[PDB]
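Single chain ahead, by itself, as C-alpha cells, in the form solved without the ligand.
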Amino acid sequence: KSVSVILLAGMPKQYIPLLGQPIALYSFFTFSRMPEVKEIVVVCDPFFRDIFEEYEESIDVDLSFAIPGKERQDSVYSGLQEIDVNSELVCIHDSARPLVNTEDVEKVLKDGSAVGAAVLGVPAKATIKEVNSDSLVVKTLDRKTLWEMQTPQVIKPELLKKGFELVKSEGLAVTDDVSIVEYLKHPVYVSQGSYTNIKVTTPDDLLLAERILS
C-alpha cells in the first residue's frame, strides 16, 4: 500500500540471535505483516543480504536493498533513494529494536500521516537536569516535558528530501531523522510507545529481550 520502510542494519549486534533468530528479522517481519507497508528497503552490507533474501517469497512486501554509508544519516539517504516514487510515508527503523509492537508502529504511522513527521517515544525515566559548561545545574527540566526517542521515525518523503537538501546545502549536524525535520520548522509528533521497545546492545539487553518475549 502506502508506506516504505527503511530498515537500518549496517558478529554485529543486530544479527545476534534472539530465540534463534537474528535480531534484525523480528522488526523486519513485523513490518512485512502490516497491510500499510508496500516495501522494505534494507540497508546492510551485501555480506548479510541472504538473511533477509531467504524470506522474500513468503512476505507480502516488495523487498529492496541499499548500500550503507559512513554515518547513520548517510545510510538513511541511501535507503531513501530506493523507495516507490508514490510512497506516502517513509518509516525509518533501527533493526537493533526487535521488540517494536505492531500496535505502536500503527500509531506512529497514523501520527506521521497526520502531522508529516512522527517518532515513537517514552517518558524519560531518570531525573535529568540541564548542566552548563561549569558543571552547574541550570535548571531541573519538567518531568512531563522529557521523552526518550525510539524508532520508527515516520516522515513524508517530500519533507525528508527537502530536509536533506537543507542539511547538505549548509553542512548542518544531525542526531536522528526527525532532527532534520526540526530544521525545517515543520512539526514532529511524539507518539507514545512502550518501554519494552528497547535497543539490544549489551548481553543484559539481550537477556532482557528474551524476558519480554515470554
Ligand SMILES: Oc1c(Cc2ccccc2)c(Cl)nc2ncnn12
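Shifts are known only where both forms have a C-alpha. For clarity, a rigid core is taken as the largest C-alpha set superposing within 1.5 Å between two forms. In case it trips you up, residue 1 is the first one in the sequence shown, and so on.
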item: Sequence continuity check, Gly10 and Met11 (deposited residues unmodelled); value: 4 to 9
item: Of 22-30 and 49-57, the stretch whose C-alpha atoms average the higher B-factor in the entry; value: 49-57
item: Selected stretch [higher average CA B-factor]: 134-142 or 115-123; value: 134-142
item: Chain third (lowest, middle, highest) by recorded CA B-factor, residue given as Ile198; value: middle
item: Record-listed C-alpha B factor of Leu160: chain third; value: lowest
item: Lowest, middle or highest third - CA B-factor, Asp104; value: lowest
item: Chain-relative CA temperature factor third for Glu170; value: highest
item: Relative C-alpha B-factor of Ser214, binned into the chain's lowest, middle or highest third; value: highest
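Keep in mind that the form deposited with the ligand bound is missing from the display, and what follows is about it.
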| query | finding |
| --- | --- |
| Site status for the ligand placed as in the entry with it bound, C-alpha superposition, 2.4 Å backbone or C-beta test | blocked |
| Output flag, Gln73, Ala118 and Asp176 jointly within 4.5 Å of the ligand in the entry with it bound, heavy atom basis | yes |
| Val181 within 4.5 Å of the ligand in the entry with it bound, heavy atoms | yes |
| Contact label in the entry with it bound: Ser27 to the ligand, heavy atom within 4.5 Å | no |
| Distance check, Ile92 to the ligand in the entry with it bound, heavy atom within 4.5 Å | yes |
| Non-hydrogen atom contact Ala66 with the ligand in the entry with it bound at 4.5 angstroms | no |
| Contacts with the ligand in the entry with it bound, stretch 125-163 (heavy atom within 4.5 Å) | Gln153, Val154, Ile155, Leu160 |
| C-alpha of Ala114 moved at least 2 Å between the shown form and the other one on rigid core | no |
| C-alpha of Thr140 moved at least 2 Å between the shown form and the other one on rigid core | yes |
| Core-aligned C-alpha movement of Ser179 between the shown form and the other one, 2 Å or more | yes |
| Cα-Cα trend for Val200 and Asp177, given that in the entry with it bound the distance shifts by 3 Å or more | closer |
| Distance trend in the entry with it bound - C-alpha atoms of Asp205 and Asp177, change of 3 Å or more | closer |
| Segments of at least three residues whose Cα atoms shift by 2 Å or more between the shown form and the other one, after superposing on the rigid core | 140-144, 175-179 |
